[PDB]
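Beneath this line is the structure, given in structure tokens, with notes to follow.
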Amino acid sequence: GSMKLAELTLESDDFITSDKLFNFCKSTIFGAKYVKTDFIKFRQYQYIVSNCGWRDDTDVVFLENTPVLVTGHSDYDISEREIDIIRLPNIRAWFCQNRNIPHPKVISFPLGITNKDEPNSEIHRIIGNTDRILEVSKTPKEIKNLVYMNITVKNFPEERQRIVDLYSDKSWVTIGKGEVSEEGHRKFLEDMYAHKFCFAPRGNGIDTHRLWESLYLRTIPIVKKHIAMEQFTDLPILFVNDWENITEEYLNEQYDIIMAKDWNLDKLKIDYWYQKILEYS
Ligand SMILES: [Ca+2]
Ligand SMILES: [Ca+2]
Ligand SMILES: [Mg+2]
Ligand SMILES: [Mg+2]
Ligand SMILES: [Mg+2]
Ligand SMILES: [Mg+2]
Ligand SMILES: [Mg+2]
Ligand SMILES: [Mg+2]
């Protein structure tokens with residue numbers, strides 16, 4: 001229920017991944033179609049799309065006869081470009097990654113954790129290991145420092161270059177050195193677990209894995225305000241107007257407030273989103 005971030009407890013099957021939602025939608029009894037966002041953005045017909053063999057899905061989708069649409073597995077957003085699909089009266093709900101239009105019919109869902117089962121990707125297999133996240137979350141949370149910073153600036157520099165430039169040299173920041181390996185993943189999670197805060201700026205897409213990775217480890221992610229994030233304001237996320245003038249005093253106060261407040265942490269659990277889709281069946 002409504003509870004404190006510190007009180008969060010996870011089971012092995014709780015973690016949100018887009019594969020779990022995609023798999024959920026394969027059972028057509030639940031009356032929901034999952035399409036990779038690319039096939040919406042680059043549609044060759046206004047109201048007809050297909051996964052074109054993505055996840056071995058060759059079905060042609062007729063959106064005029066689709067009651068619930070679900071899009072993800074893409075850093076692409078849902079924006080004004082898709083307004084003609086959104087205005088279809090037969091569509092009761094559009095569940096999407098990267099909601100970027102202020103329309104009440106479009107419902108954000110968390111990017112969550114990397115899809116471990118991405119076929120020939122060793123990187124997806126390593127970072128997608130939710131067991132390792134679960135294991136670390138059950139160890140004693142021993143705070144080593146205020147904020148964890150482990151950021152590849154390339155993914156979206158206008159924000160990420162400022163974070164590295166402004167805060168790399170702060171005593172209250174620990175710089176993380178990402179090693180893409182089974183040992184490296186464990187070390188990364190342990191580091192992040194031992195901080196009150198993690199920097200979770202947007203990347204190529206608005207939503208990032210770091211945001212969700214942080215919340216499962218009961219570490220507070222820091223994220224720039226965006227319409228894409230506006231339905232997650234009942235999660236203990238530190239939303240910032242910009243990246244300038246973060247201090248030890250500012251973060252210590254935000255820590256005391258966020259940890260004192262009660263949050264809808266059920267939204268971190270895949271079951272929430274299964275039931276939310278079933279609600280529009
Ligand atoms: Ca301000
Ligand atoms: Ca500021
Ligand atoms: Mg649980
Ligand atoms: Mg899981
Ligand atoms: Mg992109
Ligand atoms: Mg509009
Ligand atoms: Mg590290
Ligand atoms: Mg800024």
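Chain identifiers are assigned as A, B, and so on, following the order in which chains appear in the structure tokens; residues are numbered from 1 within each chain, and ligands are numbered from 1 in order of appearance.
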Each chain A residue no farther than 8 Å from ligand 5, nearest pair in Å, only C-alpha atoms and all ligand atoms, as JSON lines:
```
{"residue": "A:74", "atom": "CA", "partner": "ligand 5", "partner_atom_place_in_ligand_line": "1 (Mg)", "distance": 7.5}
{"residue": "A:75", "atom": "CA", "partner": "ligand 5", "partner_atom_place_in_ligand_line": "1 (Mg)", "distance": 5.0}
{"residue": "A:76", "atom": "CA", "partner": "ligand 5", "partner_atom_place_in_ligand_line": "1 (Mg)", "distance": 5.4}
{"residue": "A:204", "atom": "CA", "partner": "ligand 5", "partner_atom_place_in_ligand_line": "1 (Mg)", "distance": 5.3}
{"residue": "A:205", "atom": "CA", "partner": "ligand 5", "partner_atom_place_in_ligand_line": "1 (Mg)", "distance": 6.1}
```
Just write the chosen residues, N, CA, C and O atoms, as a PDB file, in the first residue's frame.
```pdb
ATOM      1  N   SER A  74      11.590   1.044 -27.268  1.00  0.00           N
ATOM      2  CA  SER A  74      12.007   2.205 -28.096  1.00  0.00           C
ATOM      3  C   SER A  74      12.187   3.457 -27.223  1.00  0.00           C
ATOM      4  O   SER A  74      11.365   3.679 -26.308  1.00  0.00           O
ATOM      5  N   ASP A  75      13.229   4.243 -27.509  1.00  0.00           N
ATOM      6  CA  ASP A  75      13.470   5.604 -26.957  1.00  0.00           C
ATOM      7  C   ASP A  75      12.593   6.640 -27.669  1.00  0.00           C
ATOM      8  O   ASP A  75      12.651   7.818 -27.268  1.00  0.00           O
ATOM      9  N   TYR A  76      11.843   6.247 -28.701  1.00  0.00           N
ATOM     10  CA  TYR A  76      10.864   7.149 -29.361  1.00  0.00           C
ATOM     11  C   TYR A  76       9.760   7.469 -28.348  1.00  0.00           C
ATOM     12  O   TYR A  76       9.513   6.675 -27.415  1.00  0.00           O
ATOM     13  N   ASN A 204      18.873   8.960 -24.501  1.00  0.00           N
ATOM     14  CA  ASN A 204      18.384   8.994 -25.902  1.00  0.00           C
ATOM     15  C   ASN A 204      16.857   9.107 -25.861  1.00  0.00           C
ATOM     16  O   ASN A 204      16.316   9.919 -26.624  1.00  0.00           O
ATOM     17  N   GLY A 205      16.208   8.353 -24.969  1.00  0.00           N
ATOM     18  CA  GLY A 205      14.786   8.531 -24.605  1.00  0.00           C
ATOM     19  C   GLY A 205      14.648   9.336 -23.323  1.00  0.00           C
ATOM     20  O   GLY A 205      15.674   9.529 -22.645  1.00  0.00           O
TER      21      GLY A 205
END
```
* From a DSSP pass on the backbone, collect the residues of stretch 20-243 of chain A flagged as alpha helix (DSSP H) and hand them back as number ranges by chain. => A: 20-26, 38-41, 83-86, 122-127, 130-137, 157-167, 182-193, 209-216
Write out as JSON lines a residue-level contact list of stretch 94-206 of chain A versus stretch 80-88 of chain A with cut-off 12 Å: for each qualifying residue the closest pair of atoms and the distance in Å to one decimal, counting only C-alpha atoms, rows sorted by chain and residue number upward.
```
{"residue": "A:94", "atom": "CA", "partner": "A:86", "partner_atom": "CA", "distance": 7.5}
{"residue": "A:95", "atom": "CA", "partner": "A:86", "partner_atom": "CA", "distance": 11.1}
{"residue": "A:96", "atom": "CA", "partner": "A:86", "partner_atom": "CA", "distance": 11.7}
{"residue": "A:99", "atom": "CA", "partner": "A:80", "partner_atom": "CA", "distance": 10.4}
{"residue": "A:100", "atom": "CA", "partner": "A:80", "partner_atom": "CA", "distance": 8.0}
{"residue": "A:101", "atom": "CA", "partner": "A:80", "partner_atom": "CA", "distance": 6.2}
{"residue": "A:102", "atom": "CA", "partner": "A:80", "partner_atom": "CA", "distance": 9.2}
{"residue": "A:103", "atom": "CA", "partner": "A:86", "partner_atom": "CA", "distance": 8.2}
{"residue": "A:104", "atom": "CA", "partner": "A:86", "partner_atom": "CA", "distance": 9.8}
{"residue": "A:105", "atom": "CA", "partner": "A:86", "partner_atom": "CA", "distance": 7.1}
{"residue": "A:106", "atom": "CA", "partner": "A:86", "partner_atom": "CA", "distance": 7.6}
{"residue": "A:107", "atom": "CA", "partner": "A:86", "partner_atom": "CA", "distance": 11.3}
```
Restricting it to N, CA, C and O atoms, dump the selection as a compact mmCIF listing (two decimals), in the first residue's frame.
```txt
# COMPACT_ATOMS: atom_id res chain seq x y z
N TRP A 94 -4.17 4.17 -24.39
CA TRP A 94 -2.83 3.96 -24.99
C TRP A 94 -1.77 3.98 -23.88
O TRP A 94 -1.42 5.09 -23.40
N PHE A 95 -1.31 2.79 -23.47
CA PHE A 95 -0.18 2.60 -22.53
C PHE A 95 1.13 2.74 -23.32
O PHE A 95 1.31 1.99 -24.30
N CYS A 96 2.01 3.65 -22.93
CA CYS A 96 3.24 3.94 -23.71
C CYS A 96 4.44 4.20 -22.80
O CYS A 96 4.24 4.68 -21.67
N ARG A 99 5.59 9.03 -22.93
CA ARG A 99 4.40 9.90 -23.11
C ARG A 99 4.86 11.36 -23.19
O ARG A 99 5.47 11.84 -22.21
N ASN A 100 4.61 12.01 -24.33
CA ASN A 100 5.10 13.38 -24.64
C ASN A 100 3.98 14.16 -25.33
O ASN A 100 4.26 14.87 -26.30
N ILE A 101 2.75 13.98 -24.86
CA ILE A 101 1.56 14.76 -25.29
C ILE A 101 0.61 14.79 -24.10
O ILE A 101 0.41 13.76 -23.45
N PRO A 102 0.06 15.97 -23.74
CA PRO A 102 -0.82 16.10 -22.58
C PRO A 102 -2.26 15.65 -22.83
O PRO A 102 -3.16 16.43 -22.63
N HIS A 103 -2.46 14.38 -23.23
CA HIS A 103 -3.78 13.79 -23.56
C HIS A 103 -4.13 12.74 -22.51
O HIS A 103 -3.35 11.82 -22.29
N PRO A 104 -5.31 12.83 -21.85
CA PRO A 104 -5.66 11.89 -20.77
C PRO A 104 -5.82 10.43 -21.20
O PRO A 104 -5.78 9.58 -20.33
N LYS A 105 -5.99 10.15 -22.50
CA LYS A 105 -6.11 8.77 -23.06
C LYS A 105 -4.74 8.07 -23.08
O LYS A 105 -4.71 6.82 -23.11
N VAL A 106 -3.65 8.83 -23.09
CA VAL A 106 -2.27 8.26 -23.13
C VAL A 106 -1.77 8.10 -21.69
O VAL A 106 -1.71 9.11 -20.96
N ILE A 107 -1.44 6.87 -21.31
CA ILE A 107 -1.01 6.51 -19.93
C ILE A 107 0.43 5.99 -19.98
O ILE A 107 0.68 4.94 -20.62
```
* Residues within 12 Å of ligand 1, counting only C-alpha atoms and all ligand atoms: report them as an MDAnalysis selection string. => chainID A and resid 224:225 239:246 250
Taking N, CA and C atoms for each residue, export the selection above as a CSV table (one decimal), in the first residue's frame.
```
chain,number,residue,atom,x,y,z
A,224,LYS,N,15.1,15.5,-14.2
A,224,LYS,CA,14.6,16.8,-14.7
A,224,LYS,C,13.1,16.7,-15.0
A,225,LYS,N,12.3,17.6,-14.5
A,225,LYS,CA,10.8,17.7,-14.8
A,225,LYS,C,10.6,17.6,-16.3
A,239,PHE,N,12.4,15.5,-8.5
A,239,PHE,CA,12.2,16.3,-9.7
A,239,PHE,C,12.8,17.7,-9.6
A,240,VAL,N,13.6,18.0,-10.6
A,240,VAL,CA,14.4,19.3,-10.6
A,240,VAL,C,13.9,20.1,-11.8
A,241,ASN,N,13.9,21.5,-11.6
A,241,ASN,CA,13.6,22.4,-12.7
A,241,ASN,C,14.8,22.5,-13.7
A,242,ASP,N,16.0,22.3,-13.1
A,242,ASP,CA,17.3,22.3,-13.9
A,242,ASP,C,18.3,21.6,-13.1
A,243,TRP,N,19.6,21.6,-13.6
A,243,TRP,CA,20.7,20.8,-13.0
A,243,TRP,C,21.6,21.6,-12.2
A,244,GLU,N,21.3,22.9,-12.1
A,244,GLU,CA,22.2,23.9,-11.5
A,244,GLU,C,21.9,24.2,-10.0
A,245,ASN,N,22.9,24.3,-9.1
A,245,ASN,CA,22.7,24.8,-7.7
A,245,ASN,C,22.2,23.6,-6.8
A,246,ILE,N,22.5,22.4,-7.2
A,246,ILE,CA,22.4,21.3,-6.2
A,246,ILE,C,23.5,21.4,-5.2
A,250,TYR,N,20.6,21.4,0.1
A,250,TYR,CA,19.4,21.1,-0.7
A,250,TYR,C,19.1,19.6,-0.7
```
* To do: May I have all residues of stretch 32-281 of chain A that DSSP, computed from the backbone, assigns to strand (DSSP E), given as JSON, numbers by chain?
  => {"A": [33, 34, 35, 36, 48, 49, 50, 60, 61, 62, 68, 69, 70, 71, 72, 93, 94, 95, 96, 106, 107, 108, 145, 146, 147, 148, 149, 173, 174, 175, 195, 196, 197, 198, 199, 220, 221, 222, 223, 224, 238, 239, 240]}
I'd like a table as a Markdown table: residues in chain A with an atom no more than 6 Å from ligand 4, each row giving the shortest atom pair and its distance in Å to one decimal, only C-alpha atoms and all ligand atoms counted, sorted by chain and rising residue number.
```
| residue | atom | partner | partner_atom_place_in_ligand_line | distance |
| --- | --- | --- | --- | --- |
| A:12 | CA | ligand 4 | 1 (Mg) | 5.0 |
| A:13 | CA | ligand 4 | 1 (Mg) | 3.9 |
| A:14 | CA | ligand 4 | 1 (Mg) | 5.4 |
| A:15 | CA | ligand 4 | 1 (Mg) | 4.4 |
| A:130 | CA | ligand 4 | 1 (Mg) | 5.5 |
```
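For stretch 188-203 of chain A, the residues within 7 Å (counting only C-alpha atoms, excluding itself and residues fewer than 6 positions away along the chain) are residues 133, 136, 141, 142, 143, 144, 145, 146, 147, 148, 149, 155, 156, 160, 178, 210, 211, 214, 217, 219, 220, 221, 222, 223 and 224 of chain A.
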Let's have the selection written as an mmCIF file, in the first residue's frame, with N, CA, C and O atoms.
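Final output, saved to again_3.cif:
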```cif
data_model
loop_
_atom_site.group_PDB
_atom_site.id
_atom_site.type_symbol
_atom_site.label_atom_id
_atom_site.label_comp_id
_atom_site.auth_asym_id
_atom_site.auth_seq_id
_atom_site.Cartn_x
_atom_site.Cartn_y
_atom_site.Cartn_z
ATOM 1 N N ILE A 133 19.645 -7.575 -8.590
ATOM 2 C CA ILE A 133 18.977 -6.377 -7.992
ATOM 3 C C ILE A 133 18.292 -6.821 -6.696
ATOM 4 O O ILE A 133 18.469 -6.138 -5.667
ATOM 5 N N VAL A 136 20.887 -7.704 -3.747
ATOM 6 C CA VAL A 136 21.504 -6.472 -3.170
ATOM 7 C C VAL A 136 20.479 -5.777 -2.264
ATOM 8 O O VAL A 136 20.872 -5.329 -1.176
ATOM 9 N N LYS A 141 21.439 -1.899 3.988
ATOM 10 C CA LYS A 141 21.669 -0.610 3.283
ATOM 11 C C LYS A 141 22.561 0.274 4.162
ATOM 12 O O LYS A 141 22.047 0.899 5.105
ATOM 13 N N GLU A 142 23.856 0.295 3.846
ATOM 14 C CA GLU A 142 24.927 1.027 4.574
ATOM 15 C C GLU A 142 25.360 2.215 3.703
ATOM 16 O O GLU A 142 25.998 1.982 2.660
ATOM 17 N N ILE A 143 25.007 3.435 4.110
ATOM 18 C CA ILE A 143 25.189 4.678 3.305
ATOM 19 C C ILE A 143 26.670 5.074 3.331
ATOM 20 O O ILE A 143 27.179 5.381 4.421
ATOM 21 N N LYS A 144 27.328 5.066 2.169
ATOM 22 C CA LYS A 144 28.746 5.488 2.006
ATOM 23 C C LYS A 144 28.814 6.973 1.619
ATOM 24 O O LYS A 144 29.791 7.629 2.035
ATOM 25 N N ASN A 145 27.827 7.498 0.877
ATOM 26 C CA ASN A 145 27.837 8.911 0.402
ATOM 27 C C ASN A 145 26.434 9.376 -0.018
ATOM 28 O O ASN A 145 25.513 8.553 -0.074
ATOM 29 N N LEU A 146 26.289 10.665 -0.329
ATOM 30 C CA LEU A 146 24.979 11.322 -0.589
ATOM 31 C C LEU A 146 24.453 10.927 -1.974
ATOM 32 O O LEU A 146 23.280 10.513 -2.054
ATOM 33 N N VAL A 147 25.273 11.063 -3.022
ATOM 34 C CA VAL A 147 24.834 10.909 -4.439
ATOM 35 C C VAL A 147 25.812 10.018 -5.204
ATOM 36 O O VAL A 147 27.031 10.233 -5.105
ATOM 37 N N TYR A 148 25.262 9.092 -5.989
ATOM 38 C CA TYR A 148 26.005 8.249 -6.954
ATOM 39 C C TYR A 148 25.864 8.871 -8.337
ATOM 40 O O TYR A 148 24.760 9.223 -8.749
ATOM 41 N N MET A 149 27.003 9.029 -9.020
ATOM 42 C CA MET A 149 27.028 9.523 -10.383
ATOM 43 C C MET A 149 27.745 8.511 -11.265
ATOM 44 O O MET A 149 28.942 8.287 -11.121
ATOM 45 N N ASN A 155 24.649 10.185 -24.252
ATOM 46 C CA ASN A 155 23.233 9.752 -24.415
ATOM 47 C C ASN A 155 22.307 10.971 -24.513
ATOM 48 O O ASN A 155 21.354 10.882 -25.307
ATOM 49 N N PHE A 156 22.609 12.082 -23.825
ATOM 50 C CA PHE A 156 21.860 13.363 -23.948
ATOM 51 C C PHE A 156 22.661 14.502 -23.314
ATOM 52 O O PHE A 156 22.334 14.891 -22.207
ATOM 53 N N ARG A 160 23.406 16.067 -19.345
ATOM 54 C CA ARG A 160 24.382 15.158 -18.689
ATOM 55 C C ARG A 160 25.760 15.823 -18.596
ATOM 56 O O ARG A 160 26.489 15.506 -17.646
ATOM 57 N N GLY A 178 31.595 2.105 -14.701
ATOM 58 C CA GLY A 178 30.795 0.971 -15.204
ATOM 59 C C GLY A 178 31.639 -0.059 -15.942
ATOM 60 O O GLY A 178 32.234 0.295 -16.977
ATOM 61 N N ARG A 210 18.040 3.679 -15.241
ATOM 62 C CA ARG A 210 18.673 4.164 -13.985
ATOM 63 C C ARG A 210 17.594 4.593 -12.979
ATOM 64 O O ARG A 210 17.742 4.271 -11.790
ATOM 65 N N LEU A 211 16.557 5.296 -13.439
ATOM 66 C CA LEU A 211 15.460 5.814 -12.574
ATOM 67 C C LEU A 211 14.922 4.642 -11.740
ATOM 68 O O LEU A 211 14.943 4.735 -10.505
ATOM 69 N N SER A 214 17.414 2.563 -9.393
ATOM 70 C CA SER A 214 17.545 3.382 -8.157
ATOM 71 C C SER A 214 16.382 3.097 -7.191
ATOM 72 O O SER A 214 16.643 2.843 -6.005
ATOM 73 N N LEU A 217 16.353 -0.331 -5.372
ATOM 74 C CA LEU A 217 17.454 -0.341 -4.368
ATOM 75 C C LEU A 217 17.171 0.674 -3.251
ATOM 76 O O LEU A 217 18.048 0.833 -2.371
ATOM 77 N N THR A 219 17.130 3.800 -3.353
ATOM 78 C CA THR A 219 17.934 5.027 -3.568
ATOM 79 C C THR A 219 17.068 6.017 -4.351
ATOM 80 O O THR A 219 16.379 5.570 -5.300
ATOM 81 N N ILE A 220 17.092 7.300 -3.979
ATOM 82 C CA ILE A 220 16.232 8.345 -4.612
ATOM 83 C C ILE A 220 16.896 8.809 -5.901
ATOM 84 O O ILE A 220 17.980 9.398 -5.859
ATOM 85 N N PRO A 221 16.256 8.585 -7.077
ATOM 86 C CA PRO A 221 16.762 9.119 -8.336
ATOM 87 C C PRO A 221 16.445 10.614 -8.484
ATOM 88 O O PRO A 221 15.373 11.045 -8.099
ATOM 89 N N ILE A 222 17.381 11.364 -9.056
ATOM 90 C CA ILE A 222 17.200 12.808 -9.372
ATOM 91 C C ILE A 222 16.991 12.918 -10.878
ATOM 92 O O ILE A 222 17.857 12.416 -11.619
ATOM 93 N N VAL A 223 15.881 13.538 -11.283
ATOM 94 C CA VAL A 223 15.380 13.586 -12.687
ATOM 95 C C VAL A 223 14.840 14.990 -12.986
ATOM 96 O O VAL A 223 14.168 15.565 -12.109
ATOM 97 N N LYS A 224 15.091 15.501 -14.193
ATOM 98 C CA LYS A 224 14.577 16.819 -14.653
ATOM 99 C C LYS A 224 13.087 16.685 -14.982
ATOM 100 O O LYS A 224 12.728 15.711 -15.684
#
```
* **Contacts to ligand 3 at 6 Å cut-off (only C-alpha atoms and all ligand atoms) as a ChimeraX atom specification** => /A:9-11,14
Store the residues picked out above, limited to N, CA, C and O atoms, as a tab-separated table (two decimals), in the first residue's frame.
```tsv
chain	number	residue	atom	x	y	z
A	9	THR	N	9.73	-3.79	-0.08
A	9	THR	CA	10.18	-5.20	-0.14
A	9	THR	C	9.81	-5.77	-1.52
A	9	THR	O	8.69	-5.52	-1.98
A	10	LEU	N	10.74	-6.51	-2.13
A	10	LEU	CA	10.59	-7.05	-3.50
A	10	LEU	C	10.61	-8.58	-3.45
A	10	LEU	O	11.31	-9.14	-2.59
A	11	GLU	N	9.84	-9.21	-4.35
A	11	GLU	CA	9.95	-10.64	-4.74
A	11	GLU	C	10.51	-10.71	-6.16
A	11	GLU	O	10.39	-9.71	-6.89
A	14	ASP	N	8.53	-9.25	-9.24
A	14	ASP	CA	7.92	-7.91	-9.04
A	14	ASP	C	8.41	-6.92	-10.11
A	14	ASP	O	7.65	-5.99	-10.44
```
* Asked: Restricting the calculation to only C-alpha atoms, which member of A:253, A:213, A:165, A:38 is positioned closest to residue A:78?
  -> A:38
